[PDB]
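Worksheet: one structure, shown below.
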Ligand SMILES: *[C@@H]1O[C@H](CO)[C@@H](O)[C@H](O)[C@H]1NC(C)=O
Ligand SMILES: *[C@@H]1O[C@H](CO)[C@@H](O)[C@H](O)[C@H]1NC(C)=O
Ligand SMILES: *[C@@H]1O[C@H](CO)[C@@H](O)[C@H](O)[C@H]1NC(C)=O
Ligand SMILES: *[C@@H]1O[C@H](CO)[C@@H](O)[C@H](O)[C@H]1NC(C)=O
Ligand SMILES: *[C@@H]1O[C@H](CO)[C@@H](O)[C@H](O)[C@H]1NC(C)=O
Ligand SMILES: *[C@@H]1O[C@H](CO)[C@@H](O)[C@H](O)[C@H]1NC(C)=O
Ligand SMILES: *[C@@H]1O[C@H](CO)[C@@H](O)[C@H](O)[C@H]1NC(C)=O
Ligand SMILES: *[C@@H]1O[C@H](CO)[C@@H](O)[C@H](O)[C@H]1NC(C)=O
Ligand SMILES: *[C@@H]1O[C@H](CO)[C@@H](O)[C@H](O)[C@H]1NC(C)=O
Ligand SMILES: *[C@@H]1O[C@H](CO)[C@@H](O)[C@H](O)[C@H]1NC(C)=O
Ligand SMILES: *[C@@H]1O[C@H](CO)[C@@H](O)[C@H](O)[C@H]1NC(C)=O
Ligand SMILES: *[C@@H]1O[C@H](CO)[C@@H](O)[C@H](O)[C@H]1NC(C)=O
Ligand SMILES: *[C@@H]1O[C@H](CO)[C@@H](O)[C@H](O)[C@H]1NC(C)=O
Ligand SMILES: *[C@@H]1O[C@H](CO)[C@@H](O)[C@H](O)[C@H]1NC(C)=O
Ligand SMILES: *[C@@H]1O[C@H](CO)[C@@H](O)[C@H](O)[C@H]1NC(C)=O
Ligand SMILES: *[C@@H]1O[C@H](CO)[C@@H](O)[C@H](O)[C@H]1NC(C)=O
Ligand SMILES: *[C@@H]1O[C@H](CO)[C@@H](O)[C@H](O)[C@H]1NC(C)=O
Ligand SMILES: *[C@@H]1O[C@H](CO)[C@@H](O)[C@H](O)[C@H]1NC(C)=O
Ligand SMILES: *[C@@H]1O[C@H](CO)[C@@H](O)[C@H](O)[C@H]1NC(C)=O
Ligand SMILES: *[C@@H]1O[C@H](CO)[C@@H](O)[C@H](O)[C@H]1NC(C)=O
Ligand SMILES: *[C@@H]1O[C@H](CO)[C@@H](O)[C@H](O)[C@H]1NC(C)=O
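Chains as they are written, first to last, in PDB author numbering: chain A, 264 to 312; chain B, 18 to 58, 65 to 80, 93 to 127, 145 to 662, 672 to 998; chain C, 705 to 900; chain D, 607 to 655; chain E, 411 to 459.
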């Protein structure tokens, strides 16, 4: 039995833009969704503390 | 056809799936064109799926057709090269809407640099020679290309919009980089290059090459009525009575479900198409095209908030769409289709007719097939829109009238190849009768390549056929006793076979014109018998799944698979164990300590070991493994056999082990299981002096010549050595026993490459790590992803186990043949005719081989007959009880000559009959009276 | 002067290097030499009658057999090989073997065709119709229900073809050792040729 | 299709491999059928052969 | 000699550094059927069994 190592990504990895402006609804006022491809996320900077 | 189009540097953009090193591969996708006109020779507009540019010694806009407020486009930006290189965005000068990406990716402008993008079925790749960028977007479709150019280029700047798919072959060098390629639709020869993944294909017949045919789709068959429209859209179903509407066999419009509102539908519209009324659905496509199953259709009309309704929860295979905002209040209409198994498909545009006499593939009532369709005239039952006679699909009704379908005959050509300019097309089906080619059924089916000779093979085009002359070197036999020759222009000839000449002489009486041979020749008939394979010890617990424990508590649900596999490999392994043990129990023989010297037979320098002999080392040098791999490492370690180390590969659960006595490590006539080169011909009672007196005693035994002097043995010696030094000058082809060891090696290598591709590839699962499948997907959808590849590694392993078993069953009865061949033809001298070799048997040595054993049966086929006269014996007197004589160890013979002579049983060296070679007996049968007294005391 | 090598949806059957049931046995290019068995490798013997008399001398029934013994064996020969017409499929034991080979081969190709006709619980047999109707992921589990079933039907055929090839390899070792030892020579073995 | 464990390359290489085993082995069968009957072709008298 | 998983392909071997820098695609390559060279974080790592 040997221990394991897991490499889903290989190349060194950049950041992403954060949680969006959280403005009003997408019909009454312009609103955008945000993409997330190769970010080192924090999953707790999506909120105010 | 153009000024400056770089063709050598297309290969910087092709990419295979995963780092395939040094062999070819075909890869399908949107790839740039062959056409010298499609590149420019400067604003460009065109439609397609993807585009590609380069630059010699660019503001590219990609959009759909119908653009609304919320769509997705792109445009790439360039200004003056290296100063302002590239920005890429996905948005609508006005940043008015959703902007996905803002990525520079600054490129190097060089003398040669090619890149592009693709968006075939929304697989949006943005490729550059360092890196790709892959995306898939659900609500995306791109059809329009607005290329633009810089103001001035030194040579011609160039751009290409690609129309459809390509399936190009790719070679690749030691670094994984592509360096040669060939599109499959450029010519004809590269079509079969794309068939069998080889670039410069050698001459030969190449079977089963297909013809791509367009398709036709018939979900419904009968002519189709209309339906009631969208319902009243009244108040709620509790406060007031409300009804839903059914839809079974309607030619819908999907835009008469609403009030027209003058283009005021934002959600139903596609970025190219119009009004798919199903803006979000569970378990099936939002996009509705073609024909969909029948449904009953709920409708609601309710209030909302500021232009923003919420989709309701809905049954897992029902389908939701809504419309009708933009009326200065927040009410709207919504509907639910439910698609519940009605079986009556509902769709616009009932199908017209298949054009008859074309060989296009079909699908009629959810049954695809591929043939040519004709009208028929016999009107079967009013059920059953397509019938089956036995297993064939022979009669279909389409739109009321019966259409008979016959098989497509021209879909397979076996191309037989010499070079690019000269080849010949053979259709194995499709005879060409002259009444058939000129038929009215066949007006729309024929090609220029169908005007060939109707053969027994089929139709061969652009080749000659003449069967009246034969050929014997069936290098690439074709079938049915026909052979194709590749000397000049390609042709088809009728192959033949060299004749046999049985060694059973018949018992002679009642004297006749018996022909006897005048001289023989040695013929070596090498005969490979496969006898070993590497014993295996698989472990399915750690093959089918690795160190992940979440498999191993789930694997023992699958029918006792793992205990059956490991007990079966152990069971077949111990069958092979005991049966190779019985093989070496009848090889290991009892050669004497005299070890009789040879004089002119070079048998010690060819057949005896030097620790293997000079024939099987030379034999292993003649065998070419297909490529590097695990079996390549196994075989090339076992080939050179470098001492005092192992090669028993272990890889992920499968430990290969050598069997109880592996044939291709030990020499044949040396070592512990010594095989006694002497003890065959020198007999079980040894003491015989040399090989020369052994061979003279042999030729006396099988009756070629008695008391053979040095001349006959040395003539057989020069024959022996010059015909077993010809074990070096035979290649793989035209060998028939190097083809057998190469067939065993190729079978074994392809088996282990199946057994390794089963552990590399995900079987449609998201990965090959069971933790990653477990930590990503659902409680239950990860179960259906788990049991997609655990059930696939199960099938690959069990496919290997049943291949191993059937080859063990073959080897069990083959070892019965190999044992009955060694200790009856190698160790004894067989009285059987064809068991040892062709004709009169002299000597038969055996050597080792890869995964087997190979015999060297030396024989004496005669060639020059001479017809003589042959009595049983001679009398002088007619009386019963006369003095009469018969030959001693020979036959009485006269070459149409006045008197009788003596000759051996199987060869004509006539001698005057003396007291030595004559036995005096009786008047048993009717011997021949020669009417003169004897000349012998 | 015409062919029958069927091609249907990916499987081209071809005749082998010398198909047995197109060529006659003792005619054509691969001629099988009706004489060269009993007349021996050294021919010149006059007729079948003197060949059969010399045979009966060899296996020791009667020596120097006249016309009566050979003609009695001749009437026996013809009245027992004209009885190759009056045997049916049952009570034959060798028409049952060719019918078993034909039924095995026919049931194999009907499996191989019912694998391409039937949807394996999928909604159809057209991959476009499965793709243009169902989900992004539920169409994957409908795709891999019949692509994984045509895989099993094809591989079941390939392993039937392989095991019958392994049978035919060692059967041809038996057939070769039977032709050029019982048909071409006269075997000293007891039960190898026939009874007695 | 080429995700499924190298199924298709194994099947077509195996049918080719078993096909060329049958190819060479029917060739060895007809190499020991094709025999050397004489040009005398001895007549029969009562054997309807 | 720990087992790995690099770009959704698990395997089980020992990994060494290498010095020959293959193509800029393809974060792990295959010679024939074997998996012999992987890049991990920019630098090429050769894997032996
Ligand atoms: C990867 O990127 C981070 C962020 O820039 C950096 O700190 C780290 O050193 C990089 N790794 C290497 C090996 O350069
Ligand atoms: C995430 O944000 C919090 C906020 O203070 C910080 O403390 C934490 O270190 C961050 N995590 C990472 C991995 O950067
Ligand atoms: C490109 O396509 C056009 C039309 O399909 C054809 O006329 C032209 O010859 C092609 N260019 C080639 C083959 O170089
Ligand atoms: C799309 O934009 C135009 C431009 O202002 C606007 O008049 C129209 O109402 C918009 N459509 C929707 C559905 O909001
Ligand atoms: C893209 O990024 C550049 C530099 O970060 C910025 O100047 C530009 O405004 C951005 N554009 C969009 C659409 O975000
Ligand atoms: C690819 O093939 C060439 C030709 O023999 C060889 O020199 C090279 O080493 C091979 N590449 C690899 C990675 O083995
Ligand atoms: C099918 O029905 C439509 C509508 O009645 C009709 O126009 C059309 O001619 C019909 N087709 C045939 C072949 O009768
Ligand atoms: C659907 O209705 C519109 C409304 O005018 C009409 O123009 C169109 O032709 C109809 N489509 C079909 C297929 O009948
Ligand atoms: C609709 O608009 C009004 C006025 O702008 C606002 O007060 C209300 O919150 C909006 N409703 C929603 C659901 O955002
Ligand atoms: C045949 O054509 C191919 C591709 O066009 C080429 O690589 C090869 O050299 C040609 N061979 C001959 C003998 O013309
Ligand atoms: C037929 O053969 C000639 C001469 O080799 C060649 O030029 C021509 O292209 C061939 N045509 C076909 C359809 O094979
Ligand atoms: C086939 O070729 C021959 C000879 O040129 C010609 O007479 C005949 O009409 C051709 N057949 C067809 C169907 O073109
Ligand atoms: C073969 O020989 C026959 C008889 O002499 C002759 O009729 C036929 O034309 C020949 N075949 C060819 C292709 O010339
Ligand atoms: C061709 O057949 C002859 C006679 O059987 C044989 O001597 C020769 O080796 C064969 N040559 C080839 C190339 O197969
Ligand atoms: C021996 O006898 C047989 C039958 O009587 C006869 O056919 C044959 O010719 C005889 N032999 C000689 C040499 O006359
Ligand atoms: C018969 O075989 C011998 C020995 O090889 C040879 O010398 C002779 O030339 C052969 N006869 C013919 C006609 O080839
Ligand atoms: C056999 O061995 C002797 C020993 O020197 C050699 O001279 C001869 O060339 C060899 N080969 C033959 C006789 O074919
Ligand atoms: C013997 O006579 C026969 C009579 O048919 C003749 O064919 C043959 O050539 C002759 N042979 C010799 C060696 O005289
Ligand atoms: C055999 O005997 C004949 C006379 O019967 C004689 O002429 C001849 O020389 C002898 N020797 C031979 C043929 O070697
Ligand atoms: C001489 O031979 C003939 C026939 O070969 C036969 O009549 C008898 O055996 C002999 N005749 C006399 C008169 O001796
Ligand atoms: C054998 O052939 C002859 C030839 O006419 C025939 O009369 C006889 O009936 C046949 N059958 C036998 C002898 O069983």
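By construction, the Cβ of each residue, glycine as well, lies at the ideal position given by its N, Cα and C atoms.
What span of residues does the alpha helix (DSSP H) with residue i cover, start to end?
i, result
"residue 873 of chain B", "842-882"
"residue 820 of chain B", "799-821"
"residue 694 of chain B", "691-701"
Report yes if the CB atom of residue i is closer than 8 Å to the CB atom of residue j, and no otherwise.
i, j, result
"residue 29 of chain B", "residue 166 of chain B", "yes"
"residue 316 of chain B", "residue 378 of chain B", "yes"
"residue 515 of chain B", "residue 557 of chain B", "no"
"residue 596 of chain B", "residue 788 of chain B", "no"
"residue 720 of chain C", "residue 632 of chain D", "yes"
"residue 440 of chain E", "residue 35 of chain B", "yes"
"residue 570 of chain B", "residue 926 of chain B", "yes"
"residue 563 of chain B", "residue 875 of chain B", "no"
"residue 330 of chain B", "residue 372 of chain B", "yes"
"residue 748 of chain B", "residue 646 of chain B", "yes"
"residue 590 of chain B", "residue 504 of chain B", "no"
Give me the Cβ distance between residue i and residue j, rounded to the nearest whole Å; I'm assuming they're in contact under 8 Å.
i, j, result
"residue 924 of chain C", "residue 819 of chain C", "What is shown of chain C runs 705 to 900, which leaves residue 924 of chain C out entirely."
"residue 170 of chain B", "residue 73 of chain B", "4 Å"
"residue 977 of chain B", "residue 946 of chain B", "At roughly 12 Å, the Cβ-Cβ gap does not stay under 8 Å, so residue 977 of chain B and residue 946 of chain B are not in contact."
"residue 865 of chain B", "residue 513 of chain B", "No, residue 865 of chain B and residue 513 of chain B are not in contact; Cβ-Cβ is about 44 Å, not under 8 Å."
Indicate whether at least one CB of chain F lies closer than 8 Å to the CB of residue i.
i, result
"residue 637 of chain D", "The structure shown contains no chain F; its protein chains are A, B, C, D and E."
Taking the beta strand (DSSP E) that residue i belongs to, which residues open and close that run?
i, result
"residue 260 of chain B", "256-262"
"residue 355 of chain B", "347-355"
"residue 476 of chain B", "475-479"
"residue 458 of chain E", "453-458"
"residue 620 of chain B", "Segment 613-637 is the alpha helix (DSSP H) holding residue 620 of chain B; no beta strand (DSSP E) there."
"residue 908 of chain B", "901-910"
May I ask you to list, following chain order, the residues of the segment 806-837 of chain B that have a beta carbon less than 8 Å from some beta carbon of chain A? Here the close residues are 830, 832, 833.
Check each residue of the segment 268-289 of chain A: if its Cβ is closer than 9 Å to any Cβ of chain E, include it; give the result in chain order. Result list: 268, 269, 270, 271, 272, 273, 274, 275.
Of the residues that make up the segment 730-741 of chain C, which ones have a beta carbon closer than 7 Å to any beta carbon in chain B? Taking 7 Å as the upper bound on Cβ-Cβ separation, chain B lies near residues 733, 734, 740 of the segment 730-741 of chain C.
Using a Cβ cut-off of 8 Å, which residues of the segment 157-184 of chain B contact any Cβ in chain E, in chain order? Cβ contacts with chain E: 181, 182, 183, 184.
Quick one, which residues of the segment 548-577 of chain B are near chain D if we go by CB-CB under 9 Å, in chain order? Within the segment 548-577 of chain B, those residues whose Cβ lies closer than 9 Å to any Cβ of chain D are, in chain order, 548, 549, 550, 551, 552, 553, 554, 565, 567.
Scan the segment 396-443 of chain B and note each continuous beta strand (DSSP E) run of 3 residues or more that stays entirely inside, going in chain order. Runs of the beta strand (DSSP E) inside the segment 396-443 of chain B: 413-415, 420-427, 438-441.
If contact means a Cβ-Cβ distance below 8 Å, which residues of the segment 619-634 of chain D contact chain B? Hits within the stretch, in order: 619, 620, 623, 626, 627, 629, 630, 633, 634.
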